[PDB]
Structures are given as C-alpha cells and as structure tokens.
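A single chain comes next, written as structure tokens; it is the form deposited without Tofogliflozin.
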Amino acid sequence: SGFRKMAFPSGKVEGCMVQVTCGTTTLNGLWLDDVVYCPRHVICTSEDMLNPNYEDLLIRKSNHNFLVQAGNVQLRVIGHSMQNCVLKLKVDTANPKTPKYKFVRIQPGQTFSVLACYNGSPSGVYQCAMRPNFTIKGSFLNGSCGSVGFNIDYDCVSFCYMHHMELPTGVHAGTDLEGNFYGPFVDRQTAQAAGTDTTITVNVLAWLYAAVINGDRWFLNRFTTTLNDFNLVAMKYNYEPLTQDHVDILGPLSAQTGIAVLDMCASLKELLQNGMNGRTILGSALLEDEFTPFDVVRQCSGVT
C-alpha cells in the first residue's frame, strides 16, 4: 500500500548523458549510438536569443566547435546537422551504454520521468505530465537544457522530451527527440505565454481509484451522474471533457474496485462543487492529475 509520485529508475538514461559546449554555452546532450542530440540553442549567446537565425548561426560552426564530453573523456565530432530545434552531433564512438530505445512524441495528459542534468551530470529524477497546454511543470535551472523525459517498457527506453526553455511564467517548454516543440513554443527569447492549463480529468479519476485501492474512501458518495452531466461541471472547473475512450481506459480500475466510472465521476463532481472541506486524499489537499490510469495500475501491481 501507499501511493507516491514515482519516477522510472534512471540508470539507463544516466549512461546516455553528455556535456555539450559550443563557445561559451554549456548544456546537456543525449548520446545514443554514434549521435549526440542537444537543443540547437547551444550555438547561441544570450544576445542571439532575441531573434536567432539558427541556419545562419550554424553556418559559422564546424565539427571542432562542438565540444562533447562523456564523463572526463572527449568525444570526436565527425558530423553535425540541425533537425527542427535539435542538433545531432555525429561522433566516432557509439555509446557502449546505449539501451534499447525509441523516440516517441507523447500526447497531452501522458506522464514521463525527467532526469534533470547539469554539465552532463544527473542531479535528480522526478515524474511530470505533459500538460494539456503542452507545458511541463518541472524543476530546471540554467544548465539543465538538454535534460530528457522518458518512459521505460521493461528494457526499452522511450524518449519523449528534451528540455529547452523556461517561459517567463516559470513553466517549462521543450521538444520531442526529433526537435519538434510540444505546443506553439519557439526557441526564442520572446513573449510566449502558456495557454489555459486544464486539469486532466481521466488522470484525476485514476488517482481517485488509487485512493480507494489504498484506503481513502471518504469521498465516495451515494450518487451517480452521466457523461454529459459530469462534463457540464468539468467545463466550469476547467477540467478536460471526459470521453467514452477515457471511461474505457478506466475499465480495469473500475473492475478492480467494483466502482463504476460514472459513480466515481459523481464523487469527483461533488469534490469540485464542495471542495475537500479541509480533508486530504492520498496525503494531498488538492485533486492530483499527474497519474495516468496506466501509472495507477503499474504502481498498484508492481511492474518492474
């Protein structure tokens, strides 16, 4: 028993972190096979960030200008190319620690672990969710760019995020491993604002199921609702509209607890309408939305 915001073991990803320096800028790179992936803004100075022409800036850079270091050993750069907002540095040595890996672009609402790094060295690991407004609420400082987000499936690491930018509002923006930003963000020091951040309703429900499995049942009421009646309340509280796909995905959690999805929705509706009244659910005084139904099933069944 017990329910915690759990991250995947980071070992396989730690073995891939390198330091990439270009000029005066140092950030993190991801070394997989003979390619080092890093944010393309490594080629910029803070002056360039106002309106960078990355194609023009990259033209003044050669293989020998990109300093790549894995631990205290220097990697030899034999190629460089820009793919969207990431640079791919071809090195002459394949990473001996490359795990089985995939590059996947995640959907808003899905979760992933971040291995926060500085100078190619890991400092910490935490669990995140790709917010519906395509931002992530991470913990990143200067030097953390190039830190990656991933999921693990037994032995296969699915890389889904590379950290690029902190918005003036304190939230974080980045790309998938093909260099495409999540959301409308651009790698430029300009006024960019995150849109409305809605709550991932399906994740809140999955977390309510985790609370029930783990003993917290005070919020269960004698009521039920319909998908349309629940969504009228979800819109008012800036919650994502619940779809039949969401109800289907919650199926195994509903089967395990013996509580129908629409019954759990009625409990959620009353929690939204009346608040927690000073009570907690899984040690939290607010509705948690960063656990997918997959995360709940995984944590409650012990998937290694």
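Throughout, we count residues from 1 along the sequence that is shown.
Below, we refer to the form solved in complex with Tofogliflozin, which is not included among the displayed structures.
- Using a 4.5 Å cutoff between non-hydrogen atoms, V68 does not count as a contact of Tofogliflozin in the deposited complex.
- Although the partner is absent here, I213 lies within 4.5 Å of Tofogliflozin in the deposited complex, judged by heavy atoms.
- At least one heavy atom of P252 is located within 4.5 Å of Tofogliflozin in the deposited complex.
- Shown without its partner, the chain has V297, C300, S301 in segment 266-302 as residues with a non-hydrogen atom within 4.5 angstroms of Tofogliflozin in the deposited complex.
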